[PDB]
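# Chains, contacts and geometry: an overview
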Amino acid sequence: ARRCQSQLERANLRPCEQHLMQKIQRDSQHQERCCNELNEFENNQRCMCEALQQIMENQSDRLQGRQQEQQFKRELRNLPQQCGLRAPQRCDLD
Amino acid sequence: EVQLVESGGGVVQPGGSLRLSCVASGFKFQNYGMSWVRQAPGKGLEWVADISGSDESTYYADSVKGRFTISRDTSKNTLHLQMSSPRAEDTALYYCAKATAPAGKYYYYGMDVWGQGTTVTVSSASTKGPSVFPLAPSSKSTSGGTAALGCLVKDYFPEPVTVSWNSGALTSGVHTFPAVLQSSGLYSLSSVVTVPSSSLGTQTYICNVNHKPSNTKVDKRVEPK
Amino acid sequence: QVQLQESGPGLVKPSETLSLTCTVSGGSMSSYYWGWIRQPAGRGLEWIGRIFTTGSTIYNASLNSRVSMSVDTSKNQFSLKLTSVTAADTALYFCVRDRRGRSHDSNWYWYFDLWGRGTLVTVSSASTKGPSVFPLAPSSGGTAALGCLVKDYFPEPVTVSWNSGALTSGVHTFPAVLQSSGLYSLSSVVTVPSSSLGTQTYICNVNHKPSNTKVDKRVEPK
Amino acid sequence: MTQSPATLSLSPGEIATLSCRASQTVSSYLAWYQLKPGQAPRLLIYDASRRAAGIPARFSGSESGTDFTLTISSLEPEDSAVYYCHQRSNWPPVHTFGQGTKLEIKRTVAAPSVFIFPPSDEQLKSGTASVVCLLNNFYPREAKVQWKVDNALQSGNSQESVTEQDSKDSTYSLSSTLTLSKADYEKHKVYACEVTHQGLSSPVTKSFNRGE
Amino acid sequence: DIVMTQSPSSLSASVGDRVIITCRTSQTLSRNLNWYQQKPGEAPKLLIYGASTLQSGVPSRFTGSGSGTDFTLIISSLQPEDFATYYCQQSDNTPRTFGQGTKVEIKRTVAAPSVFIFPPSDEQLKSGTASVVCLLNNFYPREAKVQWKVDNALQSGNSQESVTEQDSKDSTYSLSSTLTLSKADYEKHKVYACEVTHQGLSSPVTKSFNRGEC
Ligand SMILES: *[C@@H]1O[C@H](CO)[C@@H](O)[C@H](O)[C@H]1NC(C)=O
Ligand SMILES: [Cl-]
Ligand SMILES: [Cl-]
Ligand SMILES: [Cl-]
Ligand SMILES: [Cl-]
Ligand SMILES: [Cl-]
Ligand SMILES: [Cl-]
Ligand SMILES: [Cl-]
């Protein structure tokens, strides 16, 4: 788990933030760069969930109200699947 | 409260060695990245080095890579900077700083606690302590019901000196001027305080001058003239 | 318009360390996977390793002990270090993008879509020698042939252009041949109209990077 | 990180706008710091627009592409300080600071109180004589202070030092020190400190006769 | 490691022919079977990914198919520019592995060489060496006999050849033969000749110069 902390520290999950925000406004390479970054966590499901948790943590200031929070949380939960990566079975995004 | 206290500054000969220290408290030292940031005289902030709270990986500014070494002593809650190849550009105030965000986060939230810093001067010149002379409140330093008196702190090297009044009991009205570098290469300053003219003779006034590089601690009584 | 280009010494003594750098242009390398691929005399392609812009790596296990890669996104560069090199490490070294892209069928695929032009690295103990350039002066049917002979240099490569690249039709730069002396030699030739030999000049531009020699030789009739 | 303006002077209750331009924004994180006189740097804003703990709401940050801006509304005298923007970016991480902005807080004009100090008896026995002239608690910062010795103005043998703007009352103080050998000091009689400042109704001269 | 084996290792075909390259893998692939084309002096170029998906810009000439351990590249109508070595490659895991390559050489009609002979330069002769060059330009097939003659005497052991790779537009070769002599030996003789025998020539062609003449 110290291995996980080190790669999350060096990870750049800003493309995931931008892609997710682009996605909801609809309803270029941000997605691919995001999936590239998340691919580094595919071999450790616990670390993958921590990465999604940190994206949710950093996005609290930009989200107002439960409707916005739910709308962003749904896309975040589906992000590994949309990246063609194995998703964590259990993952609480709080 | 979070507290960072830097130490170990002084004078370093070019081509010598100096270890700076920073003792940290009020937070889980092991769970945060730490950094050194410096400020050269008459210049802005300049980042020096980072060290991770996850795996103790180290990162350096290009101007210092290969000369300085940042390190961590988790048992003593202490950050260190070794300065093994000093240069003229290294003369600066050196700050110790705590990362806002805990270790293990992809996001970066700056540095939310900084120390007051420690002063390093790179030169071959020798250490000289100050001579302390009074600035006595005569009638030429009285305006209405307020007098002015002070303390002249002359010919010391390197920076800094601290000045207090009445062992820290006197703070209001004190002005300790920034030092000026004389042509000789020695610094000089004055520290002044305004007090009511009725307090002269009744109240005692003493300036406490400390120059750590010389181990000089001088108390000088300033009597009216 | 993302492009890659290798740089680094073309000659390494055996047991010393080979170091190369790839420079990315036309866009930030950030959050993409990169790699190095090698092509020795056998003509095969050997994958050396992959590096992500977090600095994490996966190496080919044969070279893992002696290979390392590093990345600096603020320079838009990544690098390769190979220690304790032997003649077996002589090869053409390519830098590449290890792309994980989503195709129009909404699935994700891995492939090497970007490559540098490659740089030759020769492993030997022989020192560098700059070339000598000599004209192949023209002497039928309205066509004349002329050229330049590039002689006695080590290591490869030599680049040859004509009229600083303006003349490319009918140019043949021959593969270098290793002479008995241990030095390489090649010629470059052009067929031109016989009537042009009075109206237009011909210059071969010869560059030998390992020895810092850049030569322009005018080729006139005798 | 190109920071502007370098200098700013505004009155209480006004709005100060500071800006920085990031050269690149690869995994970039922007912050702003405040350096008050005598105090350790204080984080104001992190991640471009998030306000640090203990920071009043009148401080806010924003970003528009590569341009990042700090807005300080309802200015207070305590805002007198030097402000720095801060970018961490790329991997391996690189930290860049802007060149800084010195923010002065205006106040009503305040004339200096002028005091003069002859050299101590102790220093004279040491072989030198320092005469000190003090200007206390004035605004604006511009003031001309010269030593005049037997009617001759002193230029090149004096040193001047000015405090940073006071956080509480927005004033400056200033010292002017004339340093002379014992022999040179005893060669003259009248030592006068000549002062002009906009807050004064006329130029001021404080003087002493040597030996009195 | 996943071993990639291609068949044929090399082949000769004509412009307009169908070319079929098989790739077999030592383990079942899930997805990422890639095909590359490497022309001479160039880096490999991606043609196809995911076994069958054409990369953008790649001509419709190139199709891929297959699954599991059994994949095929088809060039439906070979063009001169398709002179190249073709590789299969898997990126389903690390290490990434390539096949050994399939060299595609192009059969074309016979072309007789144009022959040119070049004397050594006066600059080189000061160095004490004399290189005489004979050029055979734009011929097919590659087989050719180059005979040096000095005053009608046949030379041996003092000539080196170099051949280009097939031209990407006309599929021909060009060849150089370099006779190397000492300055003194070059002084000893007068008539320097290059005799070329080639299938496209009805009889051998000789090009010659006389030292110090024209
Ligand atoms: C690993 O490197 C060796 C060279 O030492 C090479 O022969 C081999 O093909 C490489 N492995 C792969 C999978 O390319
Ligand atoms: Cl804590
Ligand atoms: Cl980009
Ligand atoms: Cl052509
Ligand atoms: Cl905070
Ligand atoms: Cl005294
Ligand atoms: Cl992978
Ligand atoms: Cl010549």
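Residues numbered from 1 in each chain as written, not as in the entry; some residues may be left out. Chains lettered and ligands numbered in written order. Heavy atoms only, no water. Residues with missing side-chain atoms left out of burial classes, pairs and counts.

## A short note on the overall build of chain E
What chain E contains, in helices and strands, is two helices and 18 strands. Relative to a compact globule of 214 residues, whose C-alpha radius of gyration would be 17 Å, chain E shows 24 Å and is clearly more extended. With respect to the principal axes defined by its C-alpha atoms, chain E has extents near 70 × 35 × 30 Å. Across chain E, contacts joining residues at least 24 apart in sequence account for 58% of those joining residues at least 6 apart. (Helix = DSSP H or I, 4+ residues; strand = E, 2+ residues; numbered from the N terminus. Rg over C-alpha atoms; globule rule 2.2 N^0.38 Å. Contact = heavy atoms within 4.5 Å.)

## Structural notes on the overall build of chain D
Assigned secondary structure in chain D consists of two helices and 19 strands. The C-alpha radius of gyration of chain D comes to 23 Å, more than 25% above the 17 Å expected for a compact globule of 212 residues. On the principal axes, the C-alpha backbone points of chain D span a range of 70 × 40 × 25 Å. Sequence separation of at least 24 residues holds for 58% of the intrachain contacts in chain D that already meet a minimum separation of 6.

## A few points about the pattern of salt bridges
Evaluated as defined, the whole model comprises 24 salt bridges over all chains. Among the ionic pairs, B:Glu46 bridges to B:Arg38, the shortest N-O distance being 2.9 Å. Residue classification places B:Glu46 among the partly exposed residues on the basis of a relative accessible area of 30%. Between C:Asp98 and E:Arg96 there is a salt bridge whose closest N-O contact spans 2.9 Å. One end of the pair, C:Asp98, is in strand β9 (residues 91–102); the other, E:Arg96, is in the loop between β8 (84–90) and β9 (97–98), on a second chain. Assessed through its relative accessible area of 1%, C:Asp98 is described here as buried. Overlapping salt bridges bring together A:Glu32, C:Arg97, C:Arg99 and C:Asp113 as one network. (Salt bridge = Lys/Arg side-chain N within 4 Å of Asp/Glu carboxyl O. Buried < 20%, exposed > 50% of the residue type's maximum accessible area, 1.4 Å probe, protein only.)

## With respect to unusual backbone geometry
The peptide bond linking C:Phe154 to C:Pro155 adopts the cis configuration, its omega dihedral lying at -5°. With respect to the helices and strands, C:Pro155 occurs in the loop between β13 (143–153) and β14 (159–162). Between E:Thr94 and the following residue, E:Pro95, the backbone shows a cis peptide bond with an omega angle of 0°. Assignment of secondary structure puts E:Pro95 in the loop between β8 and β9.

## Some words on the interface of chain C and chain A
Counting residues at the interface gives 14 residues for chain C and 17 residues for chain A. Here the side of chain C that touches chain A gets four residues from one element, more than from any other, and that element is β9(C). Residue composition of the side of chain C that touches chain A, grouped by class: five nonpolar, six polar and three charged. (Nonpolar A, V, L, I, M, F, W, Y, C, P; charged D, E, K, R; others polar.)

## Thoughts on the packing of helix α1 (residues 2–10) of chain A against helix α4 (residues 45–58) of chain A
Residue and element names in this part refer to chain A. Two elements in contact, α1 and α4, have axes whose closest approach is 10 Å; the angle formed by their N-to-C orientations is 40°. In terms of orientation, α1 and α4 fall into the oblique class. In this structure, α1 meets α4 at a crossing whose hand is right-handed. Here α1 contributes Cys4, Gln7 and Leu8 to the contact with α4, which in turn contributes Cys47, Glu50, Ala51 and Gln54. When the residues that make up the contact of α1 with α4 are grouped by side-chain class, the tally is four nonpolar, two polar and one charged. (Axes fitted to C-alpha atoms, helices over the stretch in contact; angles between N-to-C directions. Parallel < 35°, antiparallel > 145°, perpendicular 65-115°, else oblique. Left-handed = near helix turned anticlockwise from the far one by under 90°.)

## A word on the site of ligand 1
Around ligand 1, the neighbouring residues are C:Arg38, C:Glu46, C:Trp47, C:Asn60, C:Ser62, C:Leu63, E:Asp1, E:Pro95, E:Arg96 and E:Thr97. Nearby residues place ligand 1 at the junction of chains C and E. In this structure, an oxygen atom belonging to ligand 1 sits 3.4 Å away from a main-chain N or O atom of C:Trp47. Contact between ligand 1 and C:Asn60: an oxygen atom at 2.3 Å from a side-chain N or O atom of the residue. A total of 360 Å² of accessible area belongs to ligand 1 in isolation, and the protein chains cover 69% of it. Broken down by class, the residue content of the shell around ligand 1 amounts to three nonpolar, three polar and four charged. (Near = heavy atom within 4 Å. Polar contact = N/O pair within 3.5 Å; in protein donor to acceptor, adjacent residues only side chain to side chain. Areas by Shrake-Rupley, 256 points an atom, 1.4 Å probe, with all protein chains shown as cover.)

## As for the arrangement of the chains
The smallest C-alpha distance separating chain A from chain E is 12 Å, and no contact links them. Separated in space, chain B and chain E share no contact, their closest pair of C-alpha atoms being 26 Å apart.

## Section: the packing of aromatic side chains
Tallying each qualifying case throughout the model produces 35 aromatic pairs over all chains. Look at C:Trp115 and E:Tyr36: their rings are 5.9 Å apart centre to centre, the planes differ by 75°, and that puts the pair in the edge-to-face class. Taken as a pair, C:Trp115 in strand β10 (residues 108–115) and E:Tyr36 in strand β4 (residues 33–38) lie in two separate chains rather than in one. Joined through ring pairs, the aromatic side chains of C:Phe94, C:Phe112, C:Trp115, E:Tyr36 and E:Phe98 make up one cluster. Taking the ring centre of B:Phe27 as reference, the NZ or CZ of B:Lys98 above it sits at 5.5 Å. (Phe/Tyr/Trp six-rings, centres within 6.5 Å; stacked < 30°, edge-to-face > 60°. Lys NZ or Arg CZ within 6 Å of the ring centre and 35° of its normal.)

## Considering the domain arrangement of chain E
Residues and elements named next belong to chain E. Taken domain by domain, chain E holds domain 1 (4–107) and domain 2 (114–210). Between the C-alpha centres of domain 1 and domain 2 there is a distance of 38 Å. Along the lines of polarity and charge, the residues of the side of domain 1 that touches domain 2 split into four nonpolar, no polar and three charged. (Domains from an automatic or database assignment.)

## Re the nonpolar core
In this structure, A:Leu38 and C:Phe78 are the most contacted members of the largest nonpolar core, which totals 93 residues. At six residues, α4(A) tops the list of elements feeding residues into this core. Ranked by size, the runner-up nonpolar core spans 26 residues in total, among them B:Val12, B:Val64, B:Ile70 and B:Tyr94. (Core = buried A, V, L, I, M, F, W, Y, C linked by side-chain atoms within 4.5 Å.)

## Comments concerning the environment of D:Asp184
All names here are of chain D. Counting through the fold element by element, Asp184 comes out in helix α2 (residues 182–186). Relative accessible area serves as the criterion here: at 43%, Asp184 is assigned to the partly exposed category. In this structure the C-alpha to C-alpha distance between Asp184 and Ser120, which are 64 residues apart in sequence, comes to 16 Å.

## Regarding the interface of chain D and chain B
Opposite the 40 residues of chain D that make contact, chain B presents 44 residues. A total of five residues in the side of chain D that touches chain B trace back to one element, the largest contributor, which is strand β13 (residues 128–138) of chain D. Its residues placed into classes, the side of chain D that touches chain B shows 20 nonpolar, 14 polar and six charged.

## Overview of the sheet that holds β13(D)
Residues and elements named next belong to chain D. Taken in spatial order, the four strands make up an open sheet running β12-β13-β17-β16, and their pairing is antiparallel. Only two strands of the sheet have a single partner each, and these edge strands are β12 (113–117) and β16 (158–162). The average angle at which neighbouring strand axes cross in this sheet is 15°, direction not considered. In the sheet, β13 pairs with strand β17 (residues 172–181) via nine bridges, with the strands oriented antiparallel. When the bridges of β17 are listed, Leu135 appears paired with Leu174. (Pairing = 2+ DSSP bridges.)

## A look at the side chain of B:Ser123
Residues and elements named next belong to chain B. Mapped onto the elements of the fold, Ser123 is located in the loop between β11 (118–122) and β12 (131–135). Engagement of the side chain of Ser123 in a polar contact is seen with the backbone nitrogen of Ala125, the distance being 3.1 Å. Among all residues touching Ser123, those that are not within four sequence positions of it are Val11, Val12, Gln13, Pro14 and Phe157.

## Some points on the environment of B:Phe157
Along the chain, B:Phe157 falls in the loop between β14 (146–156) and β15 (162–165). C-alpha separation for the pair B:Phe157 and B:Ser214, spaced 57 residues apart in sequence, amounts to 8.7 Å.

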